[PDB]
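So you can see what is in the structure, the chains are spelled out below.
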Amino acid sequence: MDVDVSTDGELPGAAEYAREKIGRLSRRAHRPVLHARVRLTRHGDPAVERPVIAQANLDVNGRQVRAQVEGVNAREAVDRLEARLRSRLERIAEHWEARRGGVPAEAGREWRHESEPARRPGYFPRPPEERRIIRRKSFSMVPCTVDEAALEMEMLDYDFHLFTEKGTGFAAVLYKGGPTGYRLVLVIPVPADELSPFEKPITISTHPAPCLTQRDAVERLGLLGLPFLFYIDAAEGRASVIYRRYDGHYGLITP
Amino acid sequence: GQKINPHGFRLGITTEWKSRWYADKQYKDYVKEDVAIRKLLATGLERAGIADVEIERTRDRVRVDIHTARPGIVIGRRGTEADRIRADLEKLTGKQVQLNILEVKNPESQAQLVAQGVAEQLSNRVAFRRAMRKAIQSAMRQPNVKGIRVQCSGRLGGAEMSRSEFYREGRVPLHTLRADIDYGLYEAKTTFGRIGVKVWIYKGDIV
Amino acid sequence: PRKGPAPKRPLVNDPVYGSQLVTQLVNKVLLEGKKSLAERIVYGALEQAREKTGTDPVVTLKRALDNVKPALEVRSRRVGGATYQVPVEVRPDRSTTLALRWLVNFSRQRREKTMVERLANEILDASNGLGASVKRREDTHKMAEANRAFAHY
RNA sequence: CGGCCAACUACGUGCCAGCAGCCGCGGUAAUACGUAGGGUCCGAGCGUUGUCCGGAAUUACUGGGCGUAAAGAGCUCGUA
RNA sequence: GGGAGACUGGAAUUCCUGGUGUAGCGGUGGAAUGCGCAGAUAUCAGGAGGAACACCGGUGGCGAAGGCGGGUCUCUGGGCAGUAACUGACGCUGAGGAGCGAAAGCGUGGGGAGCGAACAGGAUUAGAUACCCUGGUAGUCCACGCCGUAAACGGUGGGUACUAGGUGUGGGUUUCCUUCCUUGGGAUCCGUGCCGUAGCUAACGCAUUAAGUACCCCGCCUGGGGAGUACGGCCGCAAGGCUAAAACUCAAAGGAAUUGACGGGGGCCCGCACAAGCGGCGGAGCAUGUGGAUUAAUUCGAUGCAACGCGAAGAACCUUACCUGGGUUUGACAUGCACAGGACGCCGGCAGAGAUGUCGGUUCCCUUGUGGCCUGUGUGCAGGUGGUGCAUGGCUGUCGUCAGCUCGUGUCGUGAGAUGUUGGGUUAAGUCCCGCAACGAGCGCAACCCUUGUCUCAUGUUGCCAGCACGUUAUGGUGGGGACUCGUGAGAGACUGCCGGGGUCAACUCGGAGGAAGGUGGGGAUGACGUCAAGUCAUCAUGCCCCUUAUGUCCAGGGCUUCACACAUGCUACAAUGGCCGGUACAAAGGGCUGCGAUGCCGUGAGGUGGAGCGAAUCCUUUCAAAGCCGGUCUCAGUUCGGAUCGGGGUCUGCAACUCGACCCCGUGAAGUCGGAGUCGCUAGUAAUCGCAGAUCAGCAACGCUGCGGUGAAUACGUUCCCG
């Protein structure tokens, strides 16, 4: 490390002492230092109790660390400047050991500015305690085609819709298939040829709607995280679509 | 530096130039003799408060209009003071120079005169607070005066530490162009140094 | 942009080709305000491509753009006091801007002795899928794929 | 003879010489150092030191307190 | 869930055994030690063992305190309510004393799954005897005993009586709604919380569960350290515990609360702050400034933002304040008290580097009292860029053109202080609206000013020329003309003015019409209270100190330009988006009298001669430019790039270009191949790039500064990170 000292007036021996005292702080800086300068001045007025003024500037990897002290002589000023610079460099570290106690920790305990925001679902929580099923629509079970079902979707502003298919005579549910288009799920999977003709670009889910109970359906919805579950009820034997409502209850659509 | 001089801020809108003449080749010597006349009239008269000095020049003939609150002191009953000022104005290479001595109507609505009085009182023995209080209360009595601020800086009271103090009464919007602000600055000479006094006074606005 | 998005400048269509894209290209290759020289360079490059291939400049230019147009990129995102290279979807305007910038920059490093010839060769190679800009698109798509695990935030 | 605490100016000196019961005064312009004027309190006395009481409700009987300032035993049973 | 003893239940962790089964498992902010490939992790079945008891489960119960919940049984302590049968003050407290007393720790004997001091490696770090990771011994567990400490806290000793209430919750008795289901409600006794009177307190707060009002008993305190330490003593296997000083030293140590400041605390916002981009710096040569070194001197000031092309808008001499040497002293320059005068003053010669000295010619007008000049003699005195910007004025920078800083009266608090200035919304804004123990006001914001973008009226010279005539190429050049520009006077025009929608029908906000311009249109001038003892005793002034035969003053020469290096600001480049040559088109602004200076002529070219016309809308700076466009050539090279350095020859200014000017001509032809860590500027006529002009100025170090125009981009998803 190389230091330049720009003294002023009569300060014999201050330059060497300041050089050798400040150059020892290179190991303290955790990043390479560049062009570290020091300046010594003396107050002309004898009325000042601490006439000597010392200033130091270091460029630690682009970060400017500067300090300034007053003293009665060159030696005291240089020593105080060294202590001040050491404290500043300690507060500057920014390496992991010095930035590990401020990084957000745990999952829910403690909150910080950069702590990860809580993931909130669209629905009101309404935990399993008194969740209940307080919405049961049975809008339409008149047979429809894919295009007619899509239009019945669109003006209802509902992502999924349960109807009964024209060609099959079976219950089916359409939903937005994402970027792939739309997706159709039937109680028993059938190919497109048996399905009534359509013009919208859709795809058919190959899996069949399984048979399961109400509590099992709620458990599957909870452990599978889908926006809804379409299934054949075990007791009823017919189609059913459960979705988490906008109040936290489950919306069971039945024929 | 925070606030520019109010007279120069509204020089082209509200206030008027203190020297009135035209010169292209002879601008420099005109300025020289102008400042010589100003310093001569400032040094010659100090008892009576010199409010203002205008100079007008047309070729040879110069008209120096000087305003004071005590015209009788600066003028001679037999013309002795008039003769003195005339003779010392000829010697400034003013060729034919003639003086118009005039009197201010209200010698307490003038910021320069108020600063003059405040400095004169503060010089000898008067505590500064008394000076500002008396000056402000005397300024408010005048009809057209609607605001005043008086500020002094320096070693007030002969102390070892410089201080700045200011007292205001009314409205002093230094940022408003149409409002006219009479500004007066003067340096009082105390045994412990020099004390600066600035006075701003607001008398309505012109459009 | 702390208070909201800024308006966009509606650049005008070209006189001798009537397309927005060539005007965007001449603005990209513009240097020191020498718009006449940039227009000369671009028009000469288009004419060279036309003479070499025999078809219209604009269709092969669009083919080159679609060949070098990216769809996924990687950005440094800081979540929970930690930085990751997150793959991000690219808006169409940004994809077009990146494709044109890559074309110009890579044509500037060619060895065809002239800006017009370098640009013509680069656009032809991009149309045929051989240009260095195509390689840059392949590398950036590969980098987006490699960090797909960080796509959830 | 800065305030407690009656009684201010000039010269000499400058973080020195020194003063001081406490707070604190000496950094070329000191009412706190030394000397001169001036002043005040006492007066055959005037100050300093040493010892005791008071102010000290600061051992609180007259006349104090214990959540955080010092102060409730770690908690019960029980002898005088 | 009060305590002790005995028996016993299940989930899960670990290990072992046996199947299926592969190449990873484990761990972190990221990894590595580690485990596994000899079969791990995973999955199933079986077995062994130890510890703790998910749900119930809480500010809910019990206990004097420590503390106490898997289930069942046995033994046992306490409490509450009702009846009031019974005894009849037998009550309260308690020095010493005895007993109980979390965890850790000690002794003997067992047990040991998980966890885990100590101890190993792994990782981070400048260093890690730590935080994080992999293992892991005592210990945690049981039996019998020791110790006797805790933030053993409600930091609140025990008993009693009284002093507004309101509302949760645990236990028990009873009256009335009455279904008598129901926290129905009431009454009452005993607990356990929250809010709140009076009252108390320094305040915070306590407030029927007192820290209120009083009575009885006990313990404890007398400033902070030294010190709960030493000595002595008692207890203990030991660790150590209990009792417990002094010397010396300090003028304080402390409790509560207020205003700031700060935070690797939170929330809401801003800014080229970041993000997206464009061009750079840091690499090279040169110009400039600074540090350091050097020197006789390298004059002085300025040290992050806010010093470092700054004071310096012009250092060969002068400037100049520094050095060497030569002179000079009421002085280089002022003004007053005096003595003598008619000269001071000039002009030539000589000596000297010059200052200066000397020689030669010239000699005052008033008016008799003297005045103007200087001489010397003097005497007051001048004169200091000598010191102190921590004694100052004045001037300026900066936070920051950010939105904030205060005051009057009122109110609250013992007081510092608080409210107003907070809260919701909105804005560029403490801008405004609605609320509100506040009601108002002032400096700040905005507006009033300049310029610019549109139009109308007025207006025609030196400015335009559209329609008319003369023109000679040379063109508004000339007669003429207000028509279009332009010049400069007055005025209009943007005011959420109008419409639609959000909005508390409020501020305000989104969109639309109109218009040249739509929402402070664009840019300026303007910088609140103050901060940083910021800068300036070298613009100036100035208190105090200092010099005064010198730190004043005159002159010559030199220095401020020195150079083994370091830092900063810029310019030119590294080339083909270019170099060179030829042709050719478009600006704005500004300057000019002892200055701009044309035509012509002479030089290759700086330039020389010469002087037309101009104090200038006229003449000159050329009619003005360069980038630009067209044509030719060069062909990717240390080159026809780059220009440094050096040799020779000249011009101009200046008394004088050696130290130390600029420019011109010929030759010479270095580094330099787009530049590490890092870092800067910029949101539109902007960045980038091109030229012109001005100040200072005899000449210039100007590539610097201040203005003017030509051509003119990319990007902004959005506030997580950096700075303020």
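Residues numbered from 1 in each chain as written, not as in the entry; some residues may be left out. Chains lettered and ligands numbered in written order. Part of a larger assembly, values for the part shown. Heavy atoms only, no water.

For this deposited structure, the header cites cryo-EM as the method used and 3.5 Å as the resolution.

The PDB entry lists chain B under the name 30S ribosomal protein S3, with Mycolicibacterium smegmatis MC2 155 given as the organism. In the PDB, the entry goes by the title "Cryo- EM structure of Mycobacterium smegmatis 30S ribosomal subunit (body 2) of 70S ribosome, bS1 and RafH". Under the UniProt heading Function, the note attached to chain B is "Binds the lower part of the 30S subunit head. Binds mRNA in the 70S ribosome, positioning it for translation." The Sequence similarities field of the UniProt record for chain B holds the comment "Belongs to the universal ribosomal protein uS3 family." (UniProt positions renumbered as here; feature names shortened; annotations may be inferred.)

Taking the PDB entry as the reference, chain A is identified by name as Ribosome hibernation promotion factor RafH belonging to Mycolicibacterium smegmatis MC2 155.

S.K.: Give me the overall build of chain B: which residues, what numbers.
M.R.: Secondary structure summary: chain B contains 6 helices and 8 strands in total. Beginning at the N terminus, the succession of helices and strands in chain B can be written as α-β-α-β-β-α-α-β-α-α-β-β-β-β. Scaling as 2.2 N^0.38, a compact globule of 207 residues should have a C-alpha radius of gyration of about 17 Å, and chain B matches this with 19 Å. Its C-alpha atoms give chain B principal-axis dimensions of roughly 50 × 40 × 35 Å. For chain B, the proportion of its 207 residues judged to be buried stands at 41%. For chain B, the proportion of contacts with a sequence separation of at least 24, taken over those separated by at least 6, is 59%. (Helix = DSSP H or I, 4+ residues; strand = E, 2+ residues; numbered from the N terminus. Rg over C-alpha atoms; globule rule 2.2 N^0.38 Å. Buried < 20%, exposed > 50% of the residue type's maximum accessible area, 1.4 Å probe, protein only. Contact = heavy atoms within 4.5 Å.)

S.K.: Before we move on, could you go through the side chain of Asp 14 of chain C and cite the residues and values that matter?
M.R.: Residues and elements named next belong to chain C. Inspection of the secondary structure puts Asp 14 in the segment before α1 (20–29). For the buried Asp 14, no salt bridge exists, and the shortest N-O distance to an oppositely charged side chain is 8.9 Å, to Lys 35. Polar side-chain contacts of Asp 14 include one of 3.3 Å to the backbone nitrogen of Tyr 17. (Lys, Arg positive; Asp, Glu negative; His and termini not counted. Salt bridge = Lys/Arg side-chain N within 4 Å of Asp/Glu carboxyl O. Polar contact = N/O pair within 3.5 Å; in protein donor to acceptor, adjacent residues only side chain to side chain.)

S.K.: Run through helix α2 (residues 74–92) of chain A, naming residues and quoting values.
M.R.: Residues and elements named next belong to chain A. Taking 1.5 Å of rise per residue, the 19 residues of α2 would be expected to cover 27 Å, and the 26 Å separating its terminal C-alpha atoms lies within 8% of that figure. Packed against the buried residues of α2 are α1 (14–22), β2 (33–42), β3 (52–60) and β4 (63–71). Its side-chain oxygen placed 3.1 Å from the backbone nitrogen of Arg 75, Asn 73 serves as the N-cap of α2. Phi turns positive, to about 70°, at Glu 94, one or two residues after α2. (Expected span 1.5 Å × (residues − 1).)

S.K.: Give me the interface of chain C and chain A: which residues, what numbers.
M.R.: Between chain C and chain A, the residue contacts involve 5 residues of the former and 5 residues of the latter. Both sides together, the interface formed by chain C and chain A hides about 340 Å², and carbon and sulfur atoms give 43% of it. Its largest share of buried area at the contact with chain A, chain C owes to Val 79, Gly 80 and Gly 81 of chain C, together 76% of the area lost on that side. On inspection of chain C and its partner chain A, the count reaches 1 salt bridge. Notably, a salt bridge pairs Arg 78 of chain C with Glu 114 of chain A, separated by 3.8 Å at the nearest N-O pair. At the boundary of chain C and chain A, one finds 0 residue pairs in polar contact. Its residues assigned to classes, the side of chain C that touches chain A comprises 1 nonpolar, 3 polar and 1 charged. (Buried area = accessible area lost by both parts, 1.4 Å probe. Nonpolar A, V, L, I, M, F, W, Y, C, P; charged D, E, K, R; others polar.)

S.K.: Go over unusual backbone geometry with me, naming the residues and quoting the values.
M.R.: Of note, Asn 61 of chain A is a non-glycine position whose phi angle comes to about 55°, a positive value. Its location among the elements puts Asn 61 of chain A in the loop between β3 and β4. For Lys 113 of chain C, which is not a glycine, the phi torsion comes out positive at approximately 75°. Positionally, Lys 113 of chain C belongs in the loop between α4 (92–108) and α5 (115–128).

S.K.: Tell me about the protein's contact with RNA strand E, and please be specific about residues and values.
M.R.: RNA strand E sits among 93 residues. The nearest are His 30 and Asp 45 of chain A, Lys 3 of chain B together with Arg 9 and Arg 40 of chain C. Counting only atoms of RNA strand E within 4 Å of the protein, the fraction found in sugar and phosphate groups is 61%. Per-class residue counts for the surface near RNA strand E are 25 nonpolar, 27 polar and 41 charged. (Near = heavy atom within 4 Å.)

S.K.: Residues and numbers for the pairing of strand β1 (residues 3–6) of chain A, please.
M.R.: Residue and element names in this part refer to chain A. As judged from the 4 bridges shared by β1 and β2, these two strands associate in the parallel manner. Directly across from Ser 6, in β2, lies its bridge partner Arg 39. In the classification by handedness, the crossover that spans β1, the intervening α1 and the parallel β2 is left-handed. (Pairing = 2+ DSSP bridges. Right-handed = clockwise from strand over helix to strand, strands pointing away.)

S.K.: If you had to explain empty space enclosed by the protein to someone new, which residues and values would you point to?
M.R.: Residues and elements named next belong to chain A. Applying the stated criterion across every chain, the model contains 2 cavities of 30 Å³ or more. Its volume calculated, the largest cavity comes out at about 100 Å³. Lining the largest cavity, in full, are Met 1, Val 3, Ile 22, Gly 23, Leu 25, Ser 26, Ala 29, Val 33, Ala 36, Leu 58, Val 60 and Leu 89. Looking at the lining of the largest cavity, the elements that each hand over two or more residues are β2 and β3. In terms of residue class, the lining of the largest cavity is built from 10 nonpolar, 2 polar and no charged. (1 Å grid on protein atoms, 1.4 Å probe; cavity = no way out; pocket = protein on both sides within 12 Å on 5 of 7 lines; lining within 4 Å. Points joined across faces, edges and corners; volume = space filled by probe spheres on them.)

S.K.: Lay out the protein's contact with RNA strand D in plain terms, naming residues and giving numbers.
M.R.: Lining the immediate environment of RNA strand D, one finds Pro 46 and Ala 47 of chain A together with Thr 191 and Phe 192 of chain B. Looking at side-chain class alone, the surface near RNA strand D contains 3 nonpolar, 1 polar and no charged residues.

S.K.: Give me the lowdown on the packing of helix α3 (residues 57–68) of chain C against α5 of chain C, citing residues and values where you can.
M.R.: Residue and element names in this part refer to chain C. Running from N to C, α3 and α5 point in directions that differ by 65°, and their axes come no closer than 7 Å. The orientation of α3 relative to α5 falls into the category roughly perpendicular. Our pair here, α3 against α5, has a crossing hand that is left-handed. Contacts between α3 and α5 involve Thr 60, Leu 61, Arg 63, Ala 64, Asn 67 and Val 68 from the former and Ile 123, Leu 124, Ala 126 and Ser 127 from the latter. Taken together, the residues of the contact of α3 with α5 break down into 6 nonpolar, 3 polar and 1 charged. (Axes fitted to C-alpha atoms, helices over the stretch in contact; angles between N-to-C directions. Parallel < 35°, antiparallel > 145°, perpendicular 65-115°, else oblique. Left-handed = near helix turned anticlockwise from the far one by under 90°.)

S.K.: Quick rundown of the layout of surface pockets? Include the residues and the values.
M.R.: Taken as a whole, the largest pocket spans an internal volume of roughly 1,300 Å³. Mapped onto the lining of the largest pocket, the elements with two or more residues apiece are α2 (27–44), β2 (50–58), α5 (111–124) and β7 (179–190) of chain B. Here the residues of the lining of the largest pocket sort into 15 nonpolar, 12 polar and 12 charged. Residues lining the lining of the largest pocket come from more than one domain, with at least three contributed by each of domain 1 (16–105) and domain 2 (106–207) of chain B. Taken as a whole, the second largest pocket spans an internal volume of roughly 700 Å³. Every residue lining the second largest pocket is counted, 27 residues in all, and those nearest its centre are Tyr 175, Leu 226, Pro 227, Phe 228 and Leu 229 of chain A. Of all elements in the fold, only β6 (171–176), α5 (214–224), β10 (228–233) and β11 (239–244) of chain A reach the threshold of two or more residues within the lining of the second largest pocket. Residue composition of the lining of the second largest pocket, grouped by class: 17 nonpolar, 4 polar and 6 charged. (Domains from an automatic or database assignment.)

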